[PDB]
Amino acid sequence: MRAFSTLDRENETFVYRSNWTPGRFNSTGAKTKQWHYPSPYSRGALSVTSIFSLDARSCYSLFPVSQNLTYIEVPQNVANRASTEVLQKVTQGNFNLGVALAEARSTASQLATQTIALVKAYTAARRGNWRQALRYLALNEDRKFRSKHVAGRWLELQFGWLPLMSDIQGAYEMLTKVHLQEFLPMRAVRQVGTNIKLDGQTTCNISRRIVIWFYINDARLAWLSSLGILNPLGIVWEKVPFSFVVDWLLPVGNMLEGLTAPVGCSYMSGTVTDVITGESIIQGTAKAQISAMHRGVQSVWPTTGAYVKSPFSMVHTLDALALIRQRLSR
Amino acid sequence: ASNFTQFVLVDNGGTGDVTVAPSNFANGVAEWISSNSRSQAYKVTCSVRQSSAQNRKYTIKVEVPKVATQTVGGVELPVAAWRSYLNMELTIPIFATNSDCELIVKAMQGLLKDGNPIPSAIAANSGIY
Amino acid sequence: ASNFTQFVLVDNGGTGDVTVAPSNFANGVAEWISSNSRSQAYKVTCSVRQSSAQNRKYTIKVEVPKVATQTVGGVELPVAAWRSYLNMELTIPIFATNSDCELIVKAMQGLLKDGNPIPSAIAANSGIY
Amino acid sequence: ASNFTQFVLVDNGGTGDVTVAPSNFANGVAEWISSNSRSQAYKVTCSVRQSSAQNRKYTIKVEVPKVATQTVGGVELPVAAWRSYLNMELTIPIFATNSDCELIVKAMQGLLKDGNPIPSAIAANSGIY
Amino acid sequence: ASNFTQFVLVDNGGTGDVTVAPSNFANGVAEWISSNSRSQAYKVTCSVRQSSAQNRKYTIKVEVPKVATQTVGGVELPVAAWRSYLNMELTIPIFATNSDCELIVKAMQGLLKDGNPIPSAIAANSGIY
Amino acid sequence: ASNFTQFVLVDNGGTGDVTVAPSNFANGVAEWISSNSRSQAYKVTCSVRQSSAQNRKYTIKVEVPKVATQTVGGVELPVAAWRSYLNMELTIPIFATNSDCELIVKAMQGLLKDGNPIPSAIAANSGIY
Amino acid sequence: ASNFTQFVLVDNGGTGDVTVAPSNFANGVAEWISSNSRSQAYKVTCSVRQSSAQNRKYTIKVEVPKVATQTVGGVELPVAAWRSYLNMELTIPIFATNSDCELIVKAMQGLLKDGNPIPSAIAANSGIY
Amino acid sequence: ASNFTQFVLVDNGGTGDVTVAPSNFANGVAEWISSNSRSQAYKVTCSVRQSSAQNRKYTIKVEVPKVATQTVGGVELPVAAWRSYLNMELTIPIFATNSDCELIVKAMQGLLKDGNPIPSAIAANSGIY
Amino acid sequence: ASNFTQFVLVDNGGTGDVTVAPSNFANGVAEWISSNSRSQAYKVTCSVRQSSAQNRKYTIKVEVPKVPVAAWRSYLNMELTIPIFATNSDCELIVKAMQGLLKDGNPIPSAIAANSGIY
RNA sequence: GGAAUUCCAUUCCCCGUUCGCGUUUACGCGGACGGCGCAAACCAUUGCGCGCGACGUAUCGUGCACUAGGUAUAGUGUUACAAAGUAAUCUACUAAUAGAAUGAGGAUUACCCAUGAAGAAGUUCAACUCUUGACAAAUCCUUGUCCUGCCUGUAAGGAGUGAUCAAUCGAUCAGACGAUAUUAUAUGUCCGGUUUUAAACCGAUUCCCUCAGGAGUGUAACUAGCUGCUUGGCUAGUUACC
């Protein structure tokens, strides 16, 4: 969008408008309490710069534009390249995140930061390398132990890992009770434009901007919000054997597979703008111009749906799957 | 037309079939995923490559999860969680006719037909004796 | 309810009126601008702050551009050649009645009524003699 | 031309007008004042200077006292809690002709026309909400 | 659904009521003010900000002037002797539901209902005896 | 006669009202708690001091918990999952009449009356806008 | 209107007057000189400044020479033999009414009216005895 | 009365006159500017200062520009192509009477009267030939 | 003709019999696994090694759990050293000793079946 | 004491003329002229002195005398007694003796031994590689206190002026460039002399043999969020610190 003026000016050359704009076409959109719907809108300017006399209003016949400057014929090689390149960014996972997901990924990057901390320390207890099991609990390696069995040495460090047991519930419960019960929007943009030449010489530049908003709608993310976890404070750790750390992370292992799997989505709505910026040449010479715009509310979204590569797939959560599927299960 | 489409994976007699849906095609590795439900999802991948100067390889990976929950103390805690995998490669020479590629597919389809020993061994937790 | 609405800045008798529209509200400083070009645009900002313990300091800015036609390589882009900056700062004590605040507005309105010596001198590029 | 004359600053519709009058011209500052004491009168000043190689600044200042429960001619302390202050700086470049200096005055009149959101916030002790 | 509206602060049963009006939104603080000068009006400020990742903190301030021997519109010194101050701060955890926040609102209304010992002690300039 | 008596804090229409009771008066800090255990009771305080030479400053705090039952070591003990905190400080000048103290109490009752923008914003968890 | 005009300083019954005429205004100082050369002229100045924050101060200087004709190197040049310098300073506060400034001017005229002791002492080279 | 007034600088018939008008009197420099764009305006200055013990010295400066139009980047602007600079300084001793000052002004007006050789050289781009 | 075949382990009437089936024969070590979930399955191994110049030394192992995971598990571990001089009329005599040892009524299988020692 | 005596005594025991100076000018200061045997006795006393081996050419190999001279001249030899008093746990062998948690790990079997994988990688696909003075006392009138008759390998070898050559009556030896340019221009790389006369100079495979052999090659904030604007729809946006 280059600049254009709407104040209709008129010149007079000896041996006729210089520019023209229709009415400001203002429409409003609906508004619900969760999301604000978009609205159609269109402005442009026919303008004749240099020169027998022409009318700047009647120069719509050169350009592929209607009289109201609203409807613009976009080429099918521009419309079809714009629709597929948006819709492949939806599935491939190249998009932007709402505030509700940037706070949901952050509190789901705190499970994976701390379930690396236990599992790298718990499997350091099976193997017997207690010099590595004291780094991961932020303890001092200078401690020598009093008991000699493997399960007795683990209960001596119980002041070390019970903070990690409760801080995982600090990240597990914020997902299933708060974050996974929210509205979770996403945004994907791709612009496509070419250059056309006609003979009335005139060269335009018709480009399309497709912005599609869509939110998470999945059945198995309402299933992960149904589940719970055991309270590590309310479990007497002395009576229950040493392999209960594995039986405590079973609801966590459902999350890190349940989040990182690709997610189904439904869309709210989106906008499609069209921008033509061009010139024309009419020894009698002339130069007319357009820079126009028109938003659309039409939805480019398949009824087969899209299964988006999940935003929860992260550097941290793919390392927390790489421990449980190798050490605790294999 | 495109082959990257929807198909049925588990044929549970009509009632309870698991169809599989196309999601992603990143980095040359195709990827399918099961339908919308209240469970963990399946995965089916397919990636084709030219390994050597005279071979073509097809990699298929299938994952099957099961999750079982009990109601203990007024919550739904997950009790058991595991997955079983599938991993096959298929090295085909580049001198293979299209009618010779119909023979390789029937060689794999006849291997797992119901009644043959290899699906008889898996479905009974037994070996070949 | 809101007083941060759209109003008209230059009243040319019904035809060619310059309207100005609410755009941005950062840092407690309200801002009106004209059509969304942001370079050839009129701009009106208002801010309110408690300067001293007994005073209140309003700040009003107006930028009036002079629109023009730039021609680079046969491509016509409108651009502002120069801008004019009105920048007033009104200090009212907190002991002023609302009927005394109506006296301050009438003082600024009557100062600029067409015919008084100050808007006469500005309109002729002159001073007070 | 003689612009330094008498005019009406606050227009109360025939009766109750406060007609401001010329009083001083020292150091090129044209000063208007009403027929009151110096602590309770309206004071208007106007000066013209060239600020840089490109621009000219007009400095207009208006002082309006608080009128509610006024003691006319009495001694009133403190001084800063009885009087308002106006401060205007109009930076106009040297490229502007007479018709462009008419457009700037129409902008300042349209900024302070009644019903607009800027002077309706001043007379109501409010901001932009 | 905008709560930034006009409401009646002090009720005197139909006639003699005091209606407070919204004025300003500087720096995330929403301000109400009644129809008087800035030093003799009822002012309410309500700002909402989240203090940690676990708590939302409401900050409510009310200013009420002393009424007896008031000079209507006059200048009254010192400022800190003529105006009362209220300062409420409320902390609500993020685990609360909408039904939980309805009971917190009812918790403040029963504390200040006329007849209870807290507002019947403030109204007599006494303590809890 | 004494104002250190019993009142109702949360009035849910006769049935299920949380009534609060006098329990402590040590260190000049009044204290009201409900008929619960010390972990699951509401707590309401009151304190008056002469802060400056010309001000009286109250401090009223209200603690509203959410009841639960926690299993610690295999034994269920009544405890509150989270508490919410009210914290106000009412500064009244010493020159205020008994009638001007009633205006402050009416100002706090009208601030939390049902339907006003501030208590409606707290219950629906929305901001003031 | 303007008050920087011509007046008569010494009134010798019509014939033999000294009229004094405005000549300069630079640096905010008025200057009247008589119709002579620049050496044998009478000279009256006047200047007004805001001296303190609550005062306004006037400065009036009057020069009355005795004319002569000095032979400088054989050439006769009009020159003054001695000058008499009147120099007064009037401090009027900002709290003064225009009916209080007219009481000052009646005091400066009755001080110098003929028949009073102070102008009788100057016109006889005597003191107050 | 005052001589800091609007006077005609160029008597060009009755139509093409450029009547210049007062603009500023800062630092004792009486500066006249014509009424159009500031880059295409004339200029006349005057200042009187006591240069030595027996001399007064005037300093007159006159700028006369050529009216053209700068077009840089397609945007046209009213500028001056070049300027003519008159810079004349007159020294008058203080012994000169008003009859002597009239004979100095008659020397200037006869110096520039048309027909004399000096103004007939400037109006032909010539020297004394 | 092969004896790496399916045999009945627990003769429990004729209905609740646990019939165990061959699973794996890696490294000369036989393995039988019953046809259920792997964690709830019986496990029988067998291996013959020439221990020295005049011995063959068998190894039989039976794991019996409690019945989807096993709560606990039993472990039999029995060896049988037979010299190379023993004929087939003597090898059948050795198996008659093991069958006569664990016959229902003898003191050793009546002590295992009642959580008792030898008294 | 004694002796003999020759016995009263011993012996012996200014002036003047006259030129220059200066305002202390009818005064100063100068200059030039003028004025035992012998002996003797005095006599009974003295002195004196085959079978082994080999070859042949009966041949080789190994286990006073005396000798000469002759003119008679030369040489040379409590137990005991004498006795109431001394002296003092399992083992073996046997009628005796010695010796004390795991492992498809092993045993002479209730003993010993030892320790405390993935890969949308590849093929030579059931096998690998790659990558992570008071006073007292008794005994009492008294104290004590104050050339050849040379030989042979016989045309060879060993052993005792002139004379070539000269040709003269002579010499001898006894600017380029398939470089560049903005193009007669910068550039890149490698007074007489005379005559040349519009110019200048002088003043495994081959070989071989005696032949089955040899040679050789993320964290806490801060703004905003009003059914209104829209020159590319909002559902956020930039700043700090790790």
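Residues numbered from 1 in each chain as written, not as in the entry; some residues may be left out. Chains lettered and ligands numbered in written order. Heavy atoms only, no water.

Within chain B, the regular secondary structure consists of two helices and six strands. In sequence order, chain B lays out its α and β elements as β-β-β-β-β-β-α-α. Here chain B has a C-alpha radius of gyration of 18 Å; the compact-globule value for 129 residues is 14 Å, and the former is much larger. Dimensions of chain B, computed from C-alpha atoms along their principal axes, come out at roughly 65 × 45 × 30 Å. Counting across all 129 residues of chain B, residues that qualify as buried make up 21%. Sequence separation of at least 24 residues holds for 28% of the intrachain contacts in chain B that already meet a minimum separation of 6. When the accessible surface of chain B is summed, it comes to about 8,800 Å², and 55% of that surface belongs to carbon and sulfur atoms. Each charge class in chain B can be summarised by its mean position, and for the 10 positive and 9 negative side chains these summaries are 6 Å apart. (Helix = DSSP H or I, 4+ residues; strand = E, 2+ residues; numbered from the N terminus. Rg over C-alpha atoms; globule rule 2.2 N^0.38 Å. Buried < 20%, exposed > 50% of the residue type's maximum accessible area, 1.4 Å probe, protein only. Contact = heavy atoms within 4.5 Å. Areas by Shrake-Rupley, 256 points an atom, 1.4 Å probe, with all protein chains shown as cover. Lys, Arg positive; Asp, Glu negative; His and termini not counted. Charge placed at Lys NZ, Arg CZ, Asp CG, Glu CD.)

On to the sheet that holds strand 6 (residues 88–93) of chain D. One open sheet holds the 12 strands; their spatial order is 1(C)-2(C)-3(C)-4(C)-5(C)-6(C)-6(D)-5(D)-4(D)-3(D)-2(D)-1(D), and the pairing between them is antiparallel. Every interior strand has two partners, whereas the edge strands, strand 1 (7–10) of chain C together with strand 1 (7–10) of chain D, have only one. Sheet twist, expressed as the average angle between the axes of neighbouring strands with direction ignored, equals 25°. On top of the sheet, helix 1 (residues 98–111) of chain C reaches strand 6 (75–93) of chain C together with strand 1, strand 4 (43–50) and strand 5 (55–63) of chain D; it is set at about 150° to strand 1 of chain D, its chief contact. Docked against the sheet, helix 1 (residues 98–111) of chain D engages strand 1, strand 4 (43–49), strand 5 (55–72) and strand 6 of chain C together with strand 6 of chain D, running at close to 150° with respect to strand 1 of chain C. (Pairing = 2+ DSSP bridges. Axes fitted to C-alpha atoms, helices over the stretch in contact; angles between N-to-C directions.)

This part covers the interface of chain F and chain E. With 68 residues of chain F at the interface, the matching set in chain E holds 71 residues. Between chain F and chain E, the buried area comes to about 6,400 Å², and carbon and sulfur atoms account for 64% of it. In this assembly, chain F and chain E are joined by one salt bridge. On the surface where chain F and chain E come into contact, there are 20 residue pairs in polar contact. Going through the elements one at a time, strand 1 (7–10), strand 3 (30–34), strand 4 (43–49), strand 5 (55–72), strand 6 (75–88), strand 7 (91–93), helix 1 (98–111) and helix 2 (117–123) of chain F are the ones with two or more residues in the side of chain F that touches chain E. A class-by-class count of the residues in the side of chain F that touches chain E yields 43 nonpolar, 16 polar and nine charged. When strand 6 (residues 83–93) of chain E meets strand 6 of chain F, the two strands line up antiparallel, connected through four bridges. If you follow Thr91 of chain E over to strand 6 of chain F, its bridge partner there is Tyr85 of chain F. (Buried area = accessible area lost by both parts, 1.4 Å probe. Salt bridge = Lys/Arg side-chain N within 4 Å of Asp/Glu carboxyl O. Polar contact = N/O pair within 3.5 Å; in protein donor to acceptor, adjacent residues only side chain to side chain. Nonpolar A, V, L, I, M, F, W, Y, C, P; charged D, E, K, R; others polar.)

Around RNA strand J sit 75 residues, and of these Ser39, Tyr41 and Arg330 of chain A, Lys57 of chain B together with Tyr129 of chain F come closest. Each atom of RNA strand J within 4 Å of the protein belongs either to a base or to sugar and phosphate, the latter forming 60%. For RNA strand J, a base nitrogen lies 2.9 Å from a polar atom in the side chain of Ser207 of chain A. At 2.5 Å from a sugar or linking oxygen of RNA strand J is found a side-chain nitrogen or oxygen belonging to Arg49 of chain I. With five residues, the top contributor of residues to the surface near RNA strand J is strand 4 (residues 43–52) of chain I. (Near = heavy atom within 4 Å.)

Let us look at the state of the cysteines. Tallied over the entire structure, the rule returns zero disulfides over all chains. Take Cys101 of chain D: it sits in no disulfide, and the sulfur closest to it among the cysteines is that of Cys46 of chain D, at 13 Å. (Disulfide = S-S within 2.5 Å.)

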